[PDB]
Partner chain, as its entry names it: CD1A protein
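One chain follows as structure tokens, the form deposited without its partner chain.
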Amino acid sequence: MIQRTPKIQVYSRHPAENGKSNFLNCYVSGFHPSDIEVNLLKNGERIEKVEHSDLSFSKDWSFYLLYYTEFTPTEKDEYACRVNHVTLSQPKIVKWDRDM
């Protein structure tokens, strides 16, 4: 049996401009087993948009998930990715930083 902790990156498709339609991406990589929960949060609430996701696999017991939704950045809204996985003792929340 093998288990690997997901690496989590949160980033927009295009440079963020308040307040212009864009896409917010989570790339959750290198994890095992495949059981996982991934959501984008807006001010702590699951994003009120259609989710897109794409799962792939490496032969070295590794899964890769690209997850995204539409979003319109603003100054006051904070976004985050929330991941839960058996390797995590609590859900992991990774903030979006448009300057990161």
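Positions refer to the first chain, counted from 1.
Review point. If you average the CA temperature factors over each stretch, which comes out higher, 43-51 or 61-69?
Key: Taking the mean B-factor of the alpha carbons in each, 43-51 is higher.
Exercise for review: Look over 71-79 and 29-37 in the entry and identify the one with the greater average Cα temperature factor.
Suggested key: Mean CA B-factor is higher for 71-79.
Point to revise | Residue, from 18, 12, 9, 89, that the PDB entry assigns the highest Cα B-factor | key: 18 has the highest C-alpha B-factor of those listed.
One more form of this protein exists, namely the form solved in complex with its partner chain; it is left out here, but the text below deals with it.
Practice item. Scan 51-80 and write down, in order along the chain, each residue with a heavy atom lying within 4.5 Å of its partner chain in the deposited complex. Key: Sequence-ordered list: 54, 55, 56, 57, 60, 61, 63, 64, 66, 68.
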